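Just so you know, this note's numbering puts 658 at position 26 of the sequence shown, and the rest follows in order with no gaps.
Notes follow once the structure below has been shown.
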Amino acid sequence: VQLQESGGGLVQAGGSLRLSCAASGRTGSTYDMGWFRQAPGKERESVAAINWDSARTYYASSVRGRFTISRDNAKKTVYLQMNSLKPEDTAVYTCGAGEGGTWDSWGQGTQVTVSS
């Protein structure tokens with residue numbers, strides 16, 4: 633395993649939650665870190681990604697303007713700040729890593745349940 637998430641849990645609609653993904657062993661300027669989500673009965677989808685060296689970000693249209701991805705080089709951790717959560721955001725959020733537009737390492741996933 634190379635990645636491990638933390639932070640999932642129960643959240644009231646409209647609230648915020650921060651997820652973390654700690655990376656270990658093998659990083660550098662050519663790698664990208666990303667967050668994906670899979671709602672029950674749905675296909676896994678990208679949520680956000682960030683380049684380790686430049687901090688260049690990408691946000692899927694679904695969460696654009698509400699989620700913020702950042703990375704702490706010293707702690708080798710990537711964070712996903714989720715605001716204005718809706719029940720429709722309930723899903724297992726997973727972190728991944730890769731380079732060259734390819735994802736090859738995955739975390740275990742963390743559950744985020746947003747209720748009314």
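Using N, Cα and C, we set each Cβ at its ideal position, and we do this for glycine too.
Which of helix, strand or coil does DSSP assign to residue i?
i, result
"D721", "helix"
"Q634", "coil"
"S693", "coil"
"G639", "coil"
Hey, quick one: how far does the beta strand (DSSP E) through residue i stretch, first residue to last?
i, result
"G666", "664 to 670"
"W735", "734 to 738"
"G660", "Neither: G660 is in no beta strand (DSSP E) and is coded neither H nor E."
"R703", "699 to 704"
"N683", "677 to 683"
"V744", "742 to 747"
CA-CA distance, residue i and residue j?
i, j, result
"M665", "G730", "7 Å"
"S702", "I682", "7 Å"
"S661", "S686", "8 Å"
Once the 5 residues before and after residue i are set aside, which same chain residues still bring their CB inside 6 Å of it?
i, result
"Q670", "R676, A723, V724"
"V710", "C653, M665, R703"
Look at the Cβ atom of residue i, then the Cβ atom of residue j, and state whether they are nearer than 9 Å.
i, j, result
"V744", "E720", "no"
By Cβ distance below 7 Å, which residues in the same chain neighbour residue i in space, the five residues on each side in sequence not counted?
i, result
"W738", "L635, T726, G728"
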